[PDB]
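First the structure, in the form of structure tokens, and then the observations on it.
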Amino acid sequence: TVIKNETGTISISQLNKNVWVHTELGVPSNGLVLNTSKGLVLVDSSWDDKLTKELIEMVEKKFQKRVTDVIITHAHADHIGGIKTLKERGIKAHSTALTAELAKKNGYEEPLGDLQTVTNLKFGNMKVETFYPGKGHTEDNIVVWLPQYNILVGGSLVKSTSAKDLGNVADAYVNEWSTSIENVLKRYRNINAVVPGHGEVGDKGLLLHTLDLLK
Ligand SMILES: [Zn+2]
């Protein structure tokens with residue numbers, strides 16, 4: 001069930017009744033749209049303000065609810081870039097202290113800096129855990145786990161089967177990245193779906209692939 005927009009720059013496909021993947025072309029980039037009884041929650045917004053506004057608008061219209069919350073999985077420009085849109089619309093931008101600090105040092109508005117190593121949120125019916133597994137793609141990268149669905153948003157930490165190399169490593173810790181992958185494999189032993197930061201949804205195999213790419 002792939003709903004694209006006006007332009008096809010934004011697309012959403014359903015993973016289940018309440019969880020969709022959003023993907024914007026910037027190189028496609030994924031995140032989640034969580035349809036909760038209390039509003040839309042995004043795991044990651046988009047590359048910039050323009051596409052973040054377009055994304056919010058597309059899902060608010062489709063789901064007939066407001067985006068109330070976004071979880072930012074690391075501070076890179078393509079993750080933090082819509083921060084200005086979120087803050088001005090009163091959309092709560094969740095992040096680790098570290099992501100927020102990085103965002104601020106890179107001259108972005110700051111997300112909330114409210115996530116710890118392990119944080120458990122609940123949005124209406126929808127339980128969301130964020131997990132900081134260690135450094136990898138960046139210093140600050142976190143994964144998000146939907147325990148009612150065993151769905152893992154790996155974000156840029158996790159490479160799609162299509163990714164044949166590590167992508168941008170300028171800010172990466174390619175030695176700690178394996179450990180961090182392992183920390184994810186240990187915390188979540190039973191995974192139905194993983195969402196890589198780019199590319200197609202997979203399973204546990206994506207993290208095994210990412211492990212391989214680090215060899
Ligand atoms: Zn990044």
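Naming works like this for the structure tokens: A, B, ... for the chains as they're shown, residue 1 at the start of each chain, ligands 1 onward in shown order.
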
With only C-alpha atoms and all ligand atoms counted and 7 Å as the cut-off, give the residues of chain A in contact with ligand 1, each with its shortest interatomic distance in Å and the pair that gives it, as a tab-separated table.
```
residue	atom	partner	partner_atom_place_in_ligand_line	distance
A:74	CA	ligand 1	1 (Zn)	6.6
A:76	CA	ligand 1	1 (Zn)	4.8
A:78	CA	ligand 1	1 (Zn)	6.8
A:137	CA	ligand 1	1 (Zn)	6.4
A:138	CA	ligand 1	1 (Zn)	6.4
A:156	CA	ligand 1	1 (Zn)	5.8
```

Include N, CA and C atoms and write out the residues we just selected as a short mmCIF file (atom, residue, chain, number, x, y, z; two decimals), in the first residue's frame.
```
data_model
loop_
_atom_site.label_atom_id
_atom_site.label_comp_id
_atom_site.auth_asym_id
_atom_site.auth_seq_id
_atom_site.Cartn_x
_atom_site.Cartn_y
_atom_site.Cartn_z
N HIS A 74 19.48 11.08 14.54
CA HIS A 74 20.78 11.64 14.76
C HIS A 74 20.79 13.07 14.22
N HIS A 76 22.62 14.72 11.93
CA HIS A 76 23.03 15.16 10.61
C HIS A 76 22.00 16.07 9.98
N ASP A 78 20.53 16.03 7.30
CA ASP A 78 19.36 15.35 6.70
C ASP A 78 18.37 14.72 7.68
N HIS A 137 27.17 4.95 12.64
CA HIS A 137 27.10 5.84 11.51
C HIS A 137 27.51 7.26 11.95
N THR A 138 27.01 7.64 13.12
CA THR A 138 27.46 8.80 13.82
C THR A 138 27.61 8.43 15.28
N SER A 156 20.21 5.46 10.05
CA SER A 156 21.46 5.38 9.25
C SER A 156 22.51 4.37 9.79
#
```

Please report, as a tab-separated table, each residue of segment 115-203 of chain A lying at most 9 Å from segment 21-40 of chain A, together with the nearest pair of atoms and the separation in Å rounded to one decimal; use only C-alpha atoms, and order rows by chain and ascending residue number.
```
residue	atom	partner	partner_atom	distance
A:123	CA	A:36	CA	6.1
A:124	CA	A:38	CA	4.8
A:125	CA	A:36	CA	6.1
A:126	CA	A:36	CA	5.9
A:153	CA	A:31	CA	7.4
A:155	CA	A:31	CA	7.4
A:195	CA	A:30	CA	7.3
A:196	CA	A:30	CA	7.1
A:197	CA	A:30	CA	5.3
A:198	CA	A:29	CA	4.7
A:199	CA	A:28	CA	6.9
A:200	CA	A:30	CA	8.8
A:201	CA	A:21	CA	8.8
```

message: as number ranges by chain, please: the residues near residue 92 of chain A (cut-off 7 Å, only C-alpha atoms, same-chain neighbours under 2 positions excluded).
response: A: 68-70, 86-87, 90, 94

query: Taking into account only C-alpha atoms, which residue in the set A:66, A:215, A:127, A:61 is nearest to residue 19 of chain A?
result: A:127

task: Taking the chain letters and numbering used in this document, name the residues of segment 1-210 of chain A that DSSP puts in helix (DSSP H, G or I), as a PyMOL selection string.
output: chain A and resi 49-63+77-80+83-89+97-105+176-187+205-210

Residue selection dump (N, CA and C atoms) as a compact mmCIF listing (two decimals), in the first residue's frame:
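Output saved as selection.txt:
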```txt
# COMPACT_ATOMS: atom_id res chain seq x y z
N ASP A 49 13.35 21.64 5.71
CA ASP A 49 12.09 22.23 6.09
C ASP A 49 11.02 21.97 5.04
N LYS A 50 11.40 22.10 3.76
CA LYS A 50 10.44 22.01 2.66
C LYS A 50 9.72 20.67 2.63
N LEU A 51 10.49 19.60 2.72
CA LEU A 51 9.97 18.26 2.59
C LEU A 51 9.40 17.81 3.91
N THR A 52 9.91 18.37 5.00
CA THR A 52 9.32 18.10 6.31
C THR A 52 7.89 18.68 6.40
N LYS A 53 7.70 19.94 5.99
CA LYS A 53 6.38 20.52 5.89
C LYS A 53 5.50 19.65 4.96
N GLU A 54 5.99 19.27 3.80
CA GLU A 54 5.22 18.46 2.85
C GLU A 54 4.79 17.10 3.38
N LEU A 55 5.72 16.42 4.03
CA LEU A 55 5.48 15.21 4.79
C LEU A 55 4.40 15.36 5.87
N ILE A 56 4.56 16.36 6.75
CA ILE A 56 3.56 16.61 7.80
C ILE A 56 2.15 16.80 7.16
N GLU A 57 2.13 17.59 6.11
CA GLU A 57 0.90 17.95 5.47
C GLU A 57 0.27 16.75 4.83
N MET A 58 1.07 15.97 4.10
CA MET A 58 0.55 14.74 3.51
C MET A 58 -0.04 13.80 4.55
N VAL A 59 0.63 13.60 5.71
CA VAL A 59 0.11 12.60 6.67
C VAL A 59 -1.04 13.14 7.53
N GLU A 60 -1.00 14.45 7.83
CA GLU A 60 -2.13 15.05 8.54
C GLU A 60 -3.43 14.95 7.72
N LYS A 61 -3.30 15.22 6.42
CA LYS A 61 -4.42 15.10 5.52
C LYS A 61 -4.90 13.67 5.42
N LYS A 62 -3.97 12.73 5.18
CA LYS A 62 -4.33 11.32 5.02
C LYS A 62 -4.93 10.72 6.28
N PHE A 63 -4.31 10.98 7.42
CA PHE A 63 -4.71 10.27 8.64
C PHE A 63 -5.69 11.04 9.48
N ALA A 77 22.50 16.99 9.16
CA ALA A 77 21.65 17.90 8.43
C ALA A 77 20.41 17.23 7.84
N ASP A 78 20.53 16.03 7.30
CA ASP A 78 19.36 15.35 6.70
C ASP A 78 18.37 14.72 7.68
N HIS A 79 18.66 14.85 8.98
CA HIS A 79 17.80 14.34 10.06
C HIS A 79 17.25 15.50 10.88
N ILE A 80 18.09 16.52 11.10
CA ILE A 80 17.75 17.71 11.87
C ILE A 80 17.17 18.83 10.98
N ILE A 83 13.99 20.77 11.55
CA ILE A 83 13.76 21.09 12.97
C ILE A 83 12.97 22.39 13.14
N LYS A 84 13.23 23.35 12.27
CA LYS A 84 12.65 24.65 12.31
C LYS A 84 11.12 24.60 12.08
N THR A 85 10.70 23.75 11.13
CA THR A 85 9.31 23.46 10.84
C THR A 85 8.63 22.83 12.04
N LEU A 86 9.28 21.84 12.67
CA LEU A 86 8.68 21.16 13.80
C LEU A 86 8.50 22.13 14.94
N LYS A 87 9.55 22.86 15.34
CA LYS A 87 9.45 23.79 16.47
C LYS A 87 8.43 24.90 16.32
N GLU A 88 8.27 25.42 15.11
CA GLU A 88 7.36 26.48 14.86
C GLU A 88 5.91 26.01 14.84
N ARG A 89 5.67 24.72 14.56
CA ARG A 89 4.32 24.16 14.50
C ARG A 89 3.96 23.54 15.83
N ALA A 97 20.20 14.02 24.39
CA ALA A 97 21.00 15.21 24.76
C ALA A 97 22.09 15.41 23.75
N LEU A 98 22.71 14.30 23.32
CA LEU A 98 23.86 14.36 22.41
C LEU A 98 23.50 14.83 21.01
N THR A 99 22.42 14.33 20.48
CA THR A 99 21.90 14.78 19.19
C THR A 99 21.59 16.28 19.22
N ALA A 100 20.99 16.73 20.31
CA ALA A 100 20.56 18.09 20.47
C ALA A 100 21.77 19.00 20.52
N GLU A 101 22.77 18.61 21.29
CA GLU A 101 24.06 19.30 21.45
C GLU A 101 24.81 19.50 20.11
N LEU A 102 24.88 18.42 19.36
CA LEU A 102 25.37 18.38 18.00
C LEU A 102 24.58 19.24 17.09
N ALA A 103 23.26 19.19 17.19
CA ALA A 103 22.39 20.01 16.37
C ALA A 103 22.70 21.45 16.69
N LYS A 104 22.72 21.80 17.97
CA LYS A 104 23.03 23.18 18.36
C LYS A 104 24.43 23.65 17.86
N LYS A 105 25.44 22.79 17.98
CA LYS A 105 26.79 23.13 17.56
C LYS A 105 26.84 23.29 16.05
N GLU A 176 33.45 1.05 16.41
CA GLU A 176 32.36 0.88 17.39
C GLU A 176 31.05 0.48 16.72
N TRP A 177 30.96 0.70 15.42
CA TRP A 177 29.74 0.47 14.67
C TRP A 177 29.27 -1.00 14.76
N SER A 178 30.21 -1.96 14.66
CA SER A 178 29.91 -3.40 14.88
C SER A 178 29.34 -3.72 16.24
N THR A 179 29.99 -3.22 17.28
CA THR A 179 29.51 -3.35 18.68
C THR A 179 28.09 -2.82 18.84
N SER A 180 27.83 -1.67 18.26
CA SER A 180 26.56 -1.01 18.34
C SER A 180 25.53 -1.82 17.61
N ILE A 181 25.89 -2.35 16.44
CA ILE A 181 25.00 -3.33 15.76
C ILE A 181 24.68 -4.54 16.61
N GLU A 182 25.70 -5.19 17.12
CA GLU A 182 25.59 -6.21 18.16
C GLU A 182 24.74 -5.81 19.35
N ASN A 183 24.85 -4.58 19.85
CA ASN A 183 24.03 -4.19 20.98
C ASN A 183 22.56 -4.22 20.60
N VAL A 184 22.29 -3.90 19.34
CA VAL A 184 20.91 -3.91 18.83
C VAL A 184 20.43 -5.35 18.70
N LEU A 185 21.27 -6.21 18.12
CA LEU A 185 20.96 -7.63 17.98
C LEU A 185 20.69 -8.29 19.32
N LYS A 186 21.44 -7.89 20.36
CA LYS A 186 21.21 -8.40 21.71
C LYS A 186 19.94 -7.88 22.38
N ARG A 187 19.61 -6.61 22.18
CA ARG A 187 18.47 -6.07 22.89
C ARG A 187 17.17 -6.61 22.31
N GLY A 205 18.48 -9.55 9.04
CA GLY A 205 19.49 -9.66 8.00
C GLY A 205 20.20 -8.36 7.62
N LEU A 206 19.48 -7.25 7.76
CA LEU A 206 20.01 -5.89 7.49
C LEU A 206 21.16 -5.53 8.43
N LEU A 207 21.05 -5.94 9.68
CA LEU A 207 22.04 -5.70 10.70
C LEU A 207 23.24 -6.64 10.49
N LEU A 208 22.96 -7.87 10.03
CA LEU A 208 24.02 -8.81 9.60
C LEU A 208 24.77 -8.30 8.37
N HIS A 209 24.04 -7.76 7.40
CA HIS A 209 24.62 -7.09 6.27
C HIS A 209 25.51 -5.92 6.65
N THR A 210 24.96 -5.03 7.47
CA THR A 210 25.68 -3.88 7.99
C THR A 210 26.92 -4.37 8.71
```

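Taking atom CA of residue 18 of chain A and atom CA of residue 192 of chain A as the two end points, the separation is 14.8 Å.
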
Residues flagged strand (DSSP E or B) by DSSP in segment 47-109 of chain A, as a VMD selection string: chain A and resid 67 to 71 92 to 94 96

Those residues you just picked out, can you put them in a file as a CSV table (one decimal), in the first residue's frame with N, CA, C and O atoms?
```csv
chain,number,residue,atom,x,y,z
A,67,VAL,N,0.4,15.7,13.4
A,67,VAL,CA,1.7,15.2,13.9
A,67,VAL,C,1.9,16.0,15.2
A,67,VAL,O,1.9,17.2,15.2
A,68,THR,N,2.2,15.2,16.3
A,68,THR,CA,2.4,15.8,17.6
A,68,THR,C,3.8,15.8,18.0
A,68,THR,O,4.3,16.6,18.8
A,69,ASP,N,4.6,14.8,17.5
A,69,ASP,CA,5.9,14.3,17.9
A,69,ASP,C,6.7,13.8,16.8
A,69,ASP,O,6.2,13.2,15.8
A,70,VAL,N,8.0,14.1,16.8
A,70,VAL,CA,8.9,13.5,15.9
A,70,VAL,C,10.1,13.0,16.8
A,70,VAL,O,10.5,13.6,17.8
A,71,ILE,N,10.6,11.8,16.4
A,71,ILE,CA,11.9,11.3,17.0
A,71,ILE,C,13.0,11.4,16.0
A,71,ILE,O,12.9,10.9,14.9
A,92,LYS,N,6.7,18.3,18.9
A,92,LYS,CA,7.8,18.0,19.8
A,92,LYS,C,8.8,17.2,19.2
A,92,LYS,O,8.6,16.2,18.5
A,93,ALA,N,10.1,17.6,19.3
A,93,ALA,CA,11.1,17.0,18.6
A,93,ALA,C,12.0,16.3,19.5
A,93,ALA,O,12.8,16.9,20.2
A,94,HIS,N,11.8,15.0,19.6
A,94,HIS,CA,12.6,14.2,20.6
A,94,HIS,C,13.9,13.8,20.1
A,94,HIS,O,14.1,13.5,18.9
A,96,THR,N,18.2,12.6,21.8
A,96,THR,CA,19.1,12.5,22.9
A,96,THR,C,19.7,13.9,23.2
A,96,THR,O,19.6,14.8,22.4
```
